[PDB]
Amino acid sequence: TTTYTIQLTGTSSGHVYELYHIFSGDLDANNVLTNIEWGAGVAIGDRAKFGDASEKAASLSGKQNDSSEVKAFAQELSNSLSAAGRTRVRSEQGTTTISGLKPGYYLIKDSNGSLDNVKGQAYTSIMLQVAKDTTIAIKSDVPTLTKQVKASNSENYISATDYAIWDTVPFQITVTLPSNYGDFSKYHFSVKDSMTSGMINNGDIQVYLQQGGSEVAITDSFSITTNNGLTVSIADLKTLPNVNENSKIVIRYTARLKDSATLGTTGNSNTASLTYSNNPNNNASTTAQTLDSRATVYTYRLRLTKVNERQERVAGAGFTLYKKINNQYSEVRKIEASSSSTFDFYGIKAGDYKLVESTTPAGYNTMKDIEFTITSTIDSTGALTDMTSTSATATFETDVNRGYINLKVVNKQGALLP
């Protein structure tokens, strides 16, 4: 006899695909099926409710694979299956091949319960396929979620950057929808974000529908809660009619660093994941969760220690920190004079700065202004690898791991000229 192959592309490891023999027959060179009977994949009891196999086949002849009558037949068959005509195949990553199939029409699905509570997976849309030695794409996909933060020094969104205490930290979660979104009757959609422990959320969260190079706000259609992380949910995304398989859902919000934010290489991280409907068949209500997407924000502490040439600690200095925008230095932080001899500028980032001694301790020369540059090196993985602090007129000591930048300001007395 003759046997045929179905090769499924876009498959993932960890699945068990089932092929049910719906129709037997003979396949010609034009992929036309003759001499049609019911295959063993359809339970004998349920066959009579479809009628004669040949005439059922004839009624579908020439219709689109994604036409309504064929989708209907697939879903009805799914409740009429028999193990008698079943072939189970463990999936491979990329491409899964099933050879030695009896000729005819097959129903393809994921084995029941095989993906329950498995992250980043979904049950395939039930497929009807003629076994004809060809490759087809599995009608299965998962949504993706990416959490990003706006780069400190540009407009683009990346996984990690550095920020200062005076900055607003913009975050952006981008969700893509599965290619088979249309097959779902309803679509559960819930984004959970851990938020960042060393930051305060500004509560300015908005949700956008992004497609065709444009954005529309859809925030009011979502439930936005803070009982279990920051959660942004809609019971059924299908109630938004302009959302489709090619739509992107984008969540934006901003935060700001606390004065207790983690310094140095550990960073201040948050993770986000999506909970989604993972089975488009039989109006199912099971969900799965995407893997976490992480974003990180680094920051440093600049410490000044005010001393004199006698190596004594000196109180009563005051410092004004400027950061360079263009050619224009702009005041970002001031520490007024006190009994303190230490000055902590907690939450500083890469950039060009100027430090001014706005108040000089009694009986000492005013320090000359110090211009300095902080650099941050963040590798492709988003890890902070290096940090430096340098000036043409001063020396800093740095600890990249702890995120410390230390400057000793040496106060010197004037001249007694008798």
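Don't overthink the numbering: it's just position in the shown sequence, from 1.
Checked against the record, the higher mean CA B factor of 297-305 and 83-91 lies with 83-91.
Taking only CA atoms, the mean B-factor in the PDB entry is higher for 113-121 than for the other of 343-351 and 113-121. When the Cα B-factors of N279, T320, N327, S140 are read from the PDB record, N327 comes out highest. In the PDB entry, the Cα temperature factor peaks, among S285, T231, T265, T254, at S285. In this PDB entry, the Cα temperature factor of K147 sits in the bottom third of its chain's modelled residues, the lowest group. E336 sits in the highest third of its chain by CA B factor, as recorded in the PDB entry. In the PDB entry, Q289 places in the middle third of its chain by CA B-factor. Placement of the Cα temperature factor of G213 within the chain: highest third of the modelled residues, per the deposited record.
Remark: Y187 belongs to the lowest third of its chain, ranked by C-alpha B-factor as recorded.
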